[PDB]
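Residue numbers (our numbering): 8 to 522.
Each residue gets a CB set at the ideal place from its N, CA and C atoms; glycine is no exception.
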Amino acid sequence: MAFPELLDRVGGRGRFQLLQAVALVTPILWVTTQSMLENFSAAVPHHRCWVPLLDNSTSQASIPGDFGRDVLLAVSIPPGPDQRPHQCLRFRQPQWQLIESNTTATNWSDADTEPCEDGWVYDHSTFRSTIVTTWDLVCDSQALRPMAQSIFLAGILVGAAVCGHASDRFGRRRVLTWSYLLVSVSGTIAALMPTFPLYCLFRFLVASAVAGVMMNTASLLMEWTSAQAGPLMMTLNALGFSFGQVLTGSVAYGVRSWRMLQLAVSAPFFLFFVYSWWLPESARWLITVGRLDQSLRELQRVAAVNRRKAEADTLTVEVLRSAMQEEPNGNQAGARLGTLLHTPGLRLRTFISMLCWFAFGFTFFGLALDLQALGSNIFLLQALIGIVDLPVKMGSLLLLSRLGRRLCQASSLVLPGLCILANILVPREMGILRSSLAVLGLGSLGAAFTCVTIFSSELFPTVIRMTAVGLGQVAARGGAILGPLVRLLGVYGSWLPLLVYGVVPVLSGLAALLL
Ligand SMILES: CCc1oc2ccccc2c1C(=O)c1cc(Br)c(O)c(Br)c1
């Protein structure tokens, strides 16, 4: 009397699973908002150096002559690479000579310019305040944003590991609801810190709790349903991320202050926590540990929801004990890691699998967090990524049976990569075509994640099937951390970050055909 018999006899498809799927997919949207808020809360607006002549009204009253704002801006600030006033320099001694056109204003030495020691001036047309405006992440401090994003992703990884151990030892629902509470508390606290390091630490905690809640939601959604309806729930979970993208765009358009935006994003998790208590605990894990009475109570409850009390009556403790006896043992999990790499037949498939996992995190998170440089309307670009993803994710499922198994991975990585590499070659004059290629590039990478999850299981044997999938997750998380740090290469040239973000997926796709 295995557990699947009990799950089928109490009802696997009836009602209850739909309600549980809704209640566990709703928080995924806000999980996505928390993950991708860093694009909007930390946007860098156009800035110019602070000038006593222009900004200070006391010096404004002392100006001899009614000089226009553009004239004074040209007098005070050297021109920049894009014919705009330069961001990080200022004339120490106001140059009245530059106004006259009889002198070619080209012989300016760096010794005549000094760093902006009196602050900066930011435009507030599109954003009222970001962390860059608040803590002056400009010039010499421009490299700290990728550090913050990498800290967030490392927090995701550490939280995933810690919550894995905690859910293995204590259960699913308890860790899930405590993750809800910790998300809410940590976000609310982070929305009020005065200094940058405290903000980074509390974002680290938020990321840890987000990883925990995502993993526990996935596990609970998978475990309470029969194997026949698993892919439908996985597809719903995948669509949850696109809906979260759309929600992130809408909410970021709604609120233009980073503190208020963070508070609004972190608020609904308390409402999730308050009702998370009513959710039934997973019966299989309760059977595994040995709390037969609690598992029987949950089984009776869930069968009562399915309006199947007549079949629910005959459940007995001895059947539960037999099911516990029939549970497979996890002792061999220690040696499953070694046999993946030591076996030559298994070694080559793992390396190809890891590269596919690695390419997704490295490419997507290095670009999905940098929509500022890919276009002007960040609000429209954020929503379009979610919108384009849905047709591609569903369309890729149909493509599986027709063109075969092997060709799927290569096509799902080469095409998104080539679009990114085509971004450089397109002239900057055509902005409409320039932005469209980037949208299709990152938008199509969503089908890559969905494909690899299904693909990895079927290759490996059932004995080590679970372990191999876990290794791919670690590589994807590890590749995410290295993503934002690539943007530091932009000082050499603007095309350098895009070349790495395009070349890497292509090689991963081209090496994927050898499986
Ligand atoms: C925003 C969700 C998320 O944040 C992470 C941080 C570190 C490693 C993985 C993730 C991760 C995913 O797994 C993921 C999976 C699928 Br399928 C998607 O279509 C999108 Br979009 C994201």
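Do the region 419-436 and the region 444-452 meet, that is, are 3 or more Cβ pairs less than 8 Å apart? yes
Exercise for the section: Say whether the region 11-21 touches the region 231-240, bearing in mind that this needs 3 or more beta-carbon pairs closer than 8 Å, one atom from each stretch. Expected result: Taking 8 Å as the limit for Cβ pairs, the verdict is that the region 231-240 does touch the region 11-21.
Note to self: For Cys56, list the residues DSSP reports as bridge partners.
What the structure shows: Counting from 1 along the sequence shown, the entry for residue 56 is found at position 49. DSSP lists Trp127 as partners of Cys56.
Next item on the list: Determine the DSSP secondary structure at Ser69, reduced to helix, strand or coil.
Entry: For this step, residue 69 is matched to residue 62 along the sequence shown. Of the three classes helix, strand and coil, the one that applies to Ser69 here is coil, per DSSP.
If contact is defined by three or more beta carbon pairs under 8 Å, each pair taking one atom from either stretch, is the region 120-137 in contact with the region 45-64? yes
Could you check how far apart the C-beta atoms of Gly256 and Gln94 are, in whole angstroms? I think they sit under 8 Å.
Position 249 of the sequence shown, counted from the start, is the residue given in the question as residue 256. Position 87 of the sequence shown, counted from the start, is the residue given in the question as residue 94. No, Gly256 and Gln94 are not in contact; Cβ-Cβ is about 28 Å, not under 8 Å.
In chain order, what are the residue ranges of uninterrupted beta strand (DSSP E) at least 3 long that sit wholly in the region 412-462? none
Quick one: complete alpha helix (DSSP H) runs, 4+ long, within the region 101-160? Here the runs fully enclosed are 138-142.
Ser264, DSSP secondary structure in three states:
To locate residue 264, count along the sequence shown from 1; it is residue 257. Strand.
**OP:** List the residues that DSSP assigns as beta-bridge partners of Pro88.
**Re:** On the sequence shown, position 81 is the one that residue 88 refers to. Paired residue(s): none; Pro88 is not in a bridge.
Supposed contact pair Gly479 and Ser360 - C-beta distance, whole angstroms, cut 8 Å: Position 353 of the sequence shown, counted from the start, is the residue given in the question as residue 360. Position 472 of the sequence shown, counted from the start, is the residue given in the question as residue 479. Right, the Cβ-Cβ distance comes to about 6 Å (below 8 Å), so this counts as a contact.
Open item on the list: Along the chain, where does the alpha helix (DSSP H) containing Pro335 start, and where does it finish?
Closed with: Counting from 1 along the sequence shown, the entry for residue 335 is found at position 328. Looking at the DSSP string, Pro335 is not in any alpha helix (DSSP H), and its letter there is neither H nor E.
Q: From the DSSP output, in three-state form, read off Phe203 for me.
A: Locating residue 203 in the sequence shown gives position 196, where the first residue counts as 1. Annotated three-state conformation of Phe203 is helix, per DSSP.
Q: Please check the pair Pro504 and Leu420, which I expect to be a contact at CB under 8 Å, by giving their CB distance rounded to whole angstroms.
A: Against the sequence shown, residue 504 aligns to sequence position 497. Against the sequence shown, residue 420 aligns to sequence position 413. No, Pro504 and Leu420 are not in contact; Cβ-Cβ is about 19 Å, not under 8 Å.
### Any residue whose CB is nearer than 6 Å to a heavy atom belonging to ligand 1, listed in chain order
That query returns the following residues: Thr39, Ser42, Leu160, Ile163, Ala245, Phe248, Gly368, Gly453, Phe456, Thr457, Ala483, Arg484, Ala487.
- Query: In whole angstroms, what is the alpha-carbon distance linking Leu378 and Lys316?
  - Reply: In the sequence shown, the residue the question calls residue 378 occupies position 371. In the sequence shown, the residue the question calls residue 316 occupies position 309. Computed Cα separation, rounded: 54 Å.
With distances taken from CA atoms, which of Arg135, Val399, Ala118, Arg308 is nearest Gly453? On the sequence shown, residue 453 is found 446 positions in, with the first residue counted as 1. Among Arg135, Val399, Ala118, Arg308, the Cα nearest to that of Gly453 is on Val399.
Exercise. Using the rule of at least 16 other Cβ atoms within 10 Å of the residue's Cβ for burial, across every protein chain shown, is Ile70 buried or exposed?
Worked result: As a first step, residue 70 is located in the sequence shown; it is residue number 63 there, counting from the start. Of the other Cβ atoms in all chains shown, fewer than 16 fall within 10 Å of the Cβ of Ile70; this residue is therefore exposed.
If you check the beta carbons only, do residue 604 and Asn244 fall under 8 Å apart?
No answer is possible for residue 604: the residues shown for the chain start at 8 and end at 522.
Three-state secondary structure assigned by DSSP to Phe98: For the purposes of this step, residue 98 is taken as residue 91 along the sequence shown, with counting starting at 1. The answer is strand: DSSP assigns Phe98 an E or B state.
Notebook entry, point to check: Does DSSP classify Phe74 as helix, strand or coil?
Noted result: In the sequence shown, counting from the first residue as 1, residue 74 sits at position 67. In the structure shown, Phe74 sits in coil (DSSP, three-state: anything other than H, G, I, E or B).
Original post:
Would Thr40 be called buried (16 or more neighbouring beta carbons within 10 Å of its own) or exposed?
Top reply: Along the sequence shown, read from residue 1 onward, the residue named residue 40 stands at position 33. Under this definition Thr40 is a buried residue.
Query raised in the report: Since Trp292 is in the alpha helix (DSSP H), which residue starts that stretch and which ends it?
Result: Taking the sequence shown and counting its residues from 1, one reaches residue 292 at position 285. Secondary structure note for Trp292: its alpha helix (DSSP H) is the uninterrupted segment 290-296.
**Asked** Is the region 302-320 touching the region 195-215, taking contact as three or more C-beta pairs under 8 Å?
**Response** no
Comparing alpha-carbon positions, which option in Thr195, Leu286, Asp300, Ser273 lies nearest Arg180?
As a working note, residue 180 is residue 173 in the sequence shown. Nearest of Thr195, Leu286, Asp300, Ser273 to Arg180, Cα basis: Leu286.
* To do: With DSSP collapsed to three states, give me the class of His93.
  => Here residue 93 refers to the residue found at position 86 of the sequence shown. DSSP places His93 in coil when its eight states are reduced to three.
Would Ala236 and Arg22 qualify as a contact pair, given that the criterion is a beta-carbon distance under 8 Å?
Counting from one through the sequence shown, the residue named residue 236 turns up at place 229. Counting from one through the sequence shown, the residue named residue 22 turns up at place 15. No, the Cβ-Cβ distance between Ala236 and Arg22 is not below 8 Å.
**Item:** Candidates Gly261, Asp119, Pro275, of which the one nearest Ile84 by Cα
**Value:** Residue mapping note: residue 84 aligns to position 77 of the sequence shown, counting from 1. It is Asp119 whose Cα lies nearest to the Cα of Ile84.
inquiry  = Considering just the uninterrupted stretch of the alpha helix (DSSP H) at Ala475, what are its terminal residues?
reply    = Numbered from its first residue, the sequence shown carries residue 475 at position 468. Element bounds for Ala475: 472-492.
query: Nearest CA to the CA of residue 545: which residue from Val507, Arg291, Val51?
result: The first residue shown for the chain is 8 and the last is 522, placing residue 545 beyond what the model contains.
| query | Should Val262 and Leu268 be called a contact, given that it needs their Cβ atoms to be closer than 8 Å? | reply | Here residue 262 refers to the residue found at position 255 of the sequence shown. Here residue 268 refers to the residue found at position 261 of the sequence shown. Closer than 8 Å, so yes.
Check your understanding: Does the distance from the C-beta atom of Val165 to that of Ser186 stay below 8 Å?
Key -> In the sequence shown, counting from the first residue as 1, residue 165 sits at position 158. In the sequence shown, counting from the first residue as 1, residue 186 sits at position 179. No.
Can you give, in chain order, each stretch of the alpha helix (DSSP H) that sits fully within the region 167-227 and has at least 4 residues? 180-197
ask   = If you draw a straight line from the alpha carbon of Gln102 to that of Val82, how long is it in whole angstroms?
value = For the purposes of this step, residue 102 is identified with residue 95 of the sequence shown, where counting begins at 1. For the purposes of this step, residue 82 is identified with residue 75 of the sequence shown, where counting begins at 1. Those two C-alpha atoms are separated by around 6 Å.
- Does DSSP put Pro398 in a helix, a strand or coil? For the purposes of this step, residue 398 is taken as residue 391 along the sequence shown, with counting starting at 1. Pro398: helix per DSSP, three-state reduction.
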